[PDB]
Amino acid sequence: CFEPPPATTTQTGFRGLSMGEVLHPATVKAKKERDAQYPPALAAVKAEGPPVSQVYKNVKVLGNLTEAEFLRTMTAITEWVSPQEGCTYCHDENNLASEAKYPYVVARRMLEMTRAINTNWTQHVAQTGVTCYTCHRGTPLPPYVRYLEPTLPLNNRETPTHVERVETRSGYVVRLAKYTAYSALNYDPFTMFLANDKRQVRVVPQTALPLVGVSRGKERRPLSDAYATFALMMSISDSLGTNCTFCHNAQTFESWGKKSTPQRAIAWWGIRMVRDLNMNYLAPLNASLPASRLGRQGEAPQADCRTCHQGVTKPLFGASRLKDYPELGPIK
């Protein structure tokens, strides 16, 4: 229960403020390797030939690609989402234009969703962007997802113990704790702040004195919001494998400017993008997904910071395939 030195440390604030990352080399190496599994881009192909919109029958998203380019996309998709399953995971051996299998439908929504991410959320994913791999990391079901209830293990590739199962009520507190960096924070930040945009993350007053008319009785927000916020922050820190000072100068959390690091702004955009994704792409999918995938509330697995980041401040240590697969965005 103790990691041996030395520790890698970065600086992210003015000298003397103790702001920065504290990384355990080994742990970083363990993750650098895991992410290095990112399949390399497939050799570029000649754009020769007409658009697949003419060639194939049921192509509603990659119709502008040429046949060769299109198949290259399909290979990449397979390699990122279902390498073990192969093409048949979404197709009918005898009818590639068939939509019989649900993964086909969802994959289409996912193609759009990805294109969206790389196009409408560049303020977050920047020029790195994302591909099916970023989330799926090689399996139809992304290792890190969320239901309207905390679930254990965080990585669904692992098998839960009895208490970890959402069925075991006596395991609720621990399920939650592990979603908030092991804190006893009695709040589920994901549903509260990431499932949709109904709640406000900020809770600190922007004035020195209490403004009359919002500072008494039922006018004021309950302290619980401060906890909820704290929780969301704990999980965000954990999801990126980093600490508060990576974005804040604890001297004044609520303050921006010199009190915040660029990353915080990015994080800000991350929250919006995650909400967009969940609300408009993932959440609805509960209609196309077999009841087998749904949660106890019939919800579809949704994304959060960890879904892509998986313990790293930059998904896959900033690896990118954007230039290699322009079909995934940005779309001009």
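Throughout, we count residues from 1 along the sequence that is shown.
If you average the C-alpha B-factors over 47 to 55 and over 32 to 40, the higher value belongs to 47 to 55. Relative to its counterpart among 161 to 169 and 132 to 140, 161 to 169 has the higher mean temperature factor, C-alpha atoms as listed in the PDB entry. Residues shown: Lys101, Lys258, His248, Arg202. Highest C-alpha temperature factor in the entry: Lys101. When the C-alpha B factors of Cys90, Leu185, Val212, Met233 are read from the deposited coordinates, the top value falls at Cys90.
Ranked against the other modelled residues of its chain, the C-alpha B-factor of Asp197 as given in the entry falls in the highest third. Sorting the modelled residues of the chain by their CA temperature factor places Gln84 in the highest third. Sort the modelled residues of the chain by CA B factor and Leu223 lands in the lowest third. When the CA B factors of the chain's modelled residues are split into thirds, the value for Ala265 lands in the lowest one. The deposited CA B-factor of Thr229 belongs to the lowest third of values across its chain.
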